[PDB]
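Just below is one structure, and these are the notes that go with it.
Chains as they are written, first to last, in the working numbering: chain X, 3 to 547; chain Y, 28 to 695; chain V, 98 to 635.
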């Protein structure tokens, strides 16, 4: 552990620079916070974007299924490119609150690429110290358990029997099998970068780069220190920051009381929002049955008849063994029954800043982030707000009898019953793909090539569809980061596939980052793309002449 | 995992059709679907609900390339498996199903589905999983309550200091929380210890029978020192779980000393709130009813009749007769202390003190406030009240019906232990009749209030004597090393199960599973045992179960410490602090103690000996060591005793110091 | 320690002291300290701070006094009893003791005493340069290093030669060096880790620097730690936690430093602002420490590094830069009123104390450039309105203003110094320590207690029927116990008590009277004590 004074994105830039050099491929969860993509522009690495499983009924994105990661690695393996792959950047505890199972992810990824490094952005997973079984899903504990496992002889026997079980299966088919990391080759090179409690507060100061690296002392110590000083300062006291604080920093004992208080407040809120029948009539709190498709979990509520309430901890195996679970301190609230949009609800109904937060407003839901300021007063206030909303909705239902029942039904069906498509990642343009078969992009070159004011042009969203049908393909020159998704839907050099233009065309918000409806979507001119493709062909020739 | 493989096959059979409607080469999806069905079929024979005939039928759809049928079929099958995926019997029957299912496979037993087996039928259908079918904040309990910022130890010290002055005599339960003994050390009060009734069958103390309280009061009255006493400190409930009837003690004691204060340490009796009859046995409710009773004229007439009967009865005779407090003379002065909402992993302890004293406002209110300053410390300008409000809010999370829910689980667990008939063979839970003597034991609810003693349902003593091994051996070898159960006490032939709010259904079921599996190990050892091994098991049972040393009753305070020779109350404070002088105390080994006694040299303990840190002291400062106590110390397995260590002898006052302090007190 | 600071004091006191020990405790210390002394039977010898009548506040206790009291017990032959010197490293007003000197000279007299320092007020000493030296653990480190050196053994040899032939009674007039062989540094300290007030006000730590801890006190310390805080499965915190090189808080270093540079900016602006400084002043070592205790003699805010360092190294008393006493006497307005009305809205600065003519500004981690600018704005508005009303003054308004200034500046009342314990409770009639515990418990005997009106009490003293208080009396303005159980209510204490119109004083009520001992009860208790002192000695 190393204390970084300058926030989480600085820690990410430090570790990315310590681990990656230009032209390395990194696998990156596409929906991660935009600051991760700029770091890959800066490092000059090529992203291979992994696309999360969609939840269109909420217009939410989940995590990246581990089969997606295995397929994406084996695609490059068939291309012969896999040697390039240097990193697997994933965000643990994604903003939506889906939580990865890092132990299995590392096991199966290290089955394919025995020397990959893992970076986990854990800035959202702050309260895992409170929750009794959440700690094991932290990267730094999963890496410990995996390194212990890789050490034992019993595991060497288990792997012997596993590779005997797989014997005669093609490497291409390992996407369909449960893999184990070869204890001879796999090496645990895990990194995690979590925000401090002070940073959790709206002012952002400080972070910590946790390290569980087998090959730090040999391969990366120098690069890591160099990048540390590069991204902070080259002044006295930076070296002191470079000093470790792993067996130190026990001051959290006072902190532990606070994180456990916050967790107990989250439990109280969940139980009083589920029991209270005024609130429960309309409001709901999504759980693993709603936000995680059944394909990614073995725990099924209906299949075991001796059911238990579940307020109590009768589901300890889910944490240990499922792919995806929800962080209990990041509570999604479903307002679909009410009929109000999430943005409308957050902005008007409550405006609650005393404790808790609503960082994200979904089309039919509002996410509730329990911070370190929450108190009994704050949760009782929020519950009272919910209760008053429910009472006035019941009043409107009573009035609804006189021809307003159809308006309530219309609002509810429109927000919940009817949903738009979620646009998954297109592909990089040929101009910016170094290998014509693979999907990783030269996104840095597209970023810089996008500033050539003679190579860019503007197209209106109403014309883009016909331009695409005309074969005048569209390639974006810049990032585009709409507010509701909160992540880049387009990146430099990405093809604006029909689904993505259809997505952008719906947005009323004019102040989208990277795009402007009054000017148009910035795209490469056709001649510029032809020139870029010719340059790529020249490179692919001289590199093999 | 079987579900994972079926979901992968569902994905393959979906994409097969998604390609087929496009007209590209489906051969890849056909090959994938065939490989996936081949993988699934290695074990699908063992699960009834999806079936193996259905697997083969989907294979037949695959090779007939009827893609659009296969997609919908598999996506129905996998969703059915996801939501239902069928109680399941695990061997066949020819009977025409006279819920129930059958699978022909027996040995593999992979389904793990309440499974049953048949030979090479209601006796098996009668298997059942039933029973598992389930200020605005004040406790409403008393006229005053004061939330302490520290654990009950400190609420007890606060009340003791508030009411007790140096040179008072306090009647004190021998077996009470060590914090009370230290409170008496601080106050400079003289304890007079009431020994509880023994249970030699189990090597546990029960409770103080009311006759002992009356006898102690009358003994002090005969010595003429009764006026000095002003506190009957008795725990309500016990670690054992025997429950005092507070009203009976309060009335029959106020007959003799109509101005004594009562302190009831209720810390253990957390679950009294859960059930109403238990609520009646709580001290505060009893105090309110007693106060109401005294005021009424009708009670006064009842008292007049009792007094008429009492006339012609000497004071010594009173102990035999029931007594009723005089209405005019008696003052209710009842104090209680309760621990609040303790977390499984909390660094903070919170308590409350419940006061129902008529004289409190004038006699002790100032002292009570100063005691709070002396312990909690309050603030220069009081902000403690802000933290008092906070404590109530913490209760609100606790009050999710969790206490009742745990109480129901405890009853279910007891029922399961009796009901199974496999657990019953080697394990039972002690009945109220077992843990209460017939003399002290009398609608069930009426009987419960009427009885002098009852059992708290949530503190179940598991009896293990049929296992022939100690409670320490059982606890360590079976529970701790296997699962995390809430046991803490370990008796010679039993262990105590405490159903705190931290207990959850999964913990109950794992405890039941552990008991069942040990009953299987013992059944197989029984069938396997030779006559010699069975005789050895009989020896193990007879030793622990039958041959037990009687408990060490309190002996006396030394003549160095009793203020007068005609009574057993002692200057425990003086002994405690005098025991700090290292030149005045010597270490005598437990094996040497008996020789010292045989040599005619007395032994006196310098310090508390407390085998369970929150439990009760076996020895107290200034108490004479006696043979039974030596045996009790020797035979206990636990080496965690506070104020002692097995590496060292008992710290004993030296004969020169004993003679000095004896002669010094003779002048008073 | 997961409980407020007073619990840490309880733990260390119970771990080091036994009933009938003498504890040299400063009287100015907060009531919670004295109550702890009542517990455990300790006999306190009260040390009296040097007065500051012109502000009606008390400073530290001069080392002169500490040495004299220890020597006085030495002449009585009682010194063997002394087991502790309870002091507060930072006074509420701000006066910072120089611990290394207070421990060198004290260990010269009593080579094996234990020191307890309440440091709860000295929170920001780790921000201020040259402040950490005056803590108890750094003073203990430096003193232990010194005692180890051979060079110090030579210095001590020469010092003994200097004192050779001086009578040991005259040691109070000469500095003293602790004999290296006998001197045993056994320092303790306690503070609060930024505890939240009102709610969860439990943060505390016990700092231990004790050469004999492992041998003489480990067991007693652990037992006291469990007694005060309930025994629990989480017993790791008491035994072997040893977090000396742990709980690094780099962010907390940035927060204490932000708050210190905030105090610096406030203290500079309040001096350079031409409106504010006309009516307001912040007190300084020149004003709050009598020059007898500052060897250094004739800008501190600007520069001052390596020049004013000497004051920290060698002085007896200095001001904590964050405990800013704002003098308001030139405003002609009493502190209680100024705080109550002008500062009613309040802010992060605590302003939690109000003397007659001054208010104490206590900076806390909740401070920002906007709390500093708010307080400066308030000051400047008060100054502007005072200028306005001064310019509007007629000669009669000038007389009014000047007398409002005079009454809070010139004739301020005498501060009541500690009266000696009553004879009934002094175990040794030659010495002024008292059995304050037995006076506390003997005070609850409703037949031995009596009430006398403050006006009557002076008459009673004239008559000759001596007055002895049964209880603590803790008036709000000084904020410490002016009377304790068994203390003689000397004439000056009666006169002081008579001025206070606040009915709500702790331990006293003017509608009811001083809770004093009856004369016959005192005679009986004296006779009992003389009987004990006879049977205990022949």
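By construction, the Cβ of each residue, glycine as well, lies at the ideal position given by its N, Cα and C atoms.
Chain X contact residues for residue i, given Cβ-Cβ distances below 8 Å
i                      : result
residue 420 of chain Y : 378
Start and end residues, beta strand (DSSP E) containing residue i
i                      : result
residue 363 of chain Y : 360–366
residue 49 of chain X  : 48–52
residue 548 of chain V : 546–549
residue 226 of chain X : Careful: residue 226 of chain X lies outside any beta strand (DSSP E), inside the alpha helix (DSSP H) at 223–233.
residue 519 of chain Y : Here residue 519 of chain Y belongs to no beta strand (DSSP E), and DSSP marks it neither H nor E.
residue 488 of chain Y : 486–490
residue 276 of chain Y : Here residue 276 of chain Y belongs to no beta strand (DSSP E); instead the alpha helix (DSSP H) covers 273–281.
residue 200 of chain Y : 196–200
residue 62 of chain Y  : Per DSSP, residue 62 of chain Y belongs to no beta strand (DSSP E); it is in the alpha helix (DSSP H), 54–68.
Interface partners of residue i on chain V, CB under 8 Å
i                      : result
residue 400 of chain Y : 128, 129, 132
Contacts that residue i makes with chain Y (C-beta to C-beta distance below 7 Å)
i                      : result
residue 327 of chain V : 177, 178, 180, 376
residue 110 of chain X : Per Cβ cutoff of 7 Å: no residues; residue 110 of chain X is ~12 Å from chain Y at best.
residue 115 of chain V : 604, 607
residue 632 of chain V : 694
residue 273 of chain X : 427
Which of helix, strand or coil DSSP assigns to residue i
i                      : result
residue 165 of chain X : helix
residue 352 of chain Y : coil
residue 262 of chain Y : strand
residue 435 of chain Y : helix
residue 365 of chain V : helix
residue 430 of chain X : strand
residue 514 of chain X : coil
Supposed close pair residue i, residue j - CB separation, criterion 8 Å
i                      : j                      : result
residue 521 of chain V : residue 622 of chain V : 4 Å
residue 288 of chain Y : residue 351 of chain Y : At roughly 19 Å, the Cβ-Cβ gap does not stay under 8 Å, so residue 288 of chain Y and residue 351 of chain Y are not in contact.
residue 129 of chain X : residue 265 of chain X : 6 Å
residue 61 of chain X  : residue 295 of chain X : Residue 61 of chain X to residue 295 of chain X, Cβ: 15 Å. No contact.
residue 442 of chain Y : residue 158 of chain Y : 6 Å
residue 263 of chain Y : residue 222 of chain Y : Residue 263 of chain Y to residue 222 of chain Y, Cβ: 18 Å. No contact.
Residue interval of the alpha helix (DSSP H) (run including residue i)
i                      : result
residue 107 of chain Y : 94–110
residue 398 of chain X : 378–401
residue 626 of chain V : 616–632
residue 38 of chain X  : 37–45
Contact set between residue i and chain V, taken where Cβ atoms lie within less than 7 Å
i                      : result
residue 256 of chain X : 290, 300
Cβ contact check for the stretch 302–319 of chain V and the stretch 277–291 of chain V: 3 or more pairs under 8 Å
Yes: the two stretches touch, three or more of their Cβ pairs being nearer than 8 Å.
Evaluate the contact criterion for the stretch 576–594 of chain V versus the stretch 519–536 of chain V: three or more CB pairs, one atom per stretch, below 8 Å.
A contact exists between the stretch 576–594 of chain V and the stretch 519–536 of chain V.
Taking contact to mean at least 3 C-beta pairs separated by less than 8 Å, is the stretch 338–356 of chain X in contact with the stretch 228–235 of chain X?
Touching, no, given that fewer than three Cβ pairs across the two stretches are closer than 8 Å.
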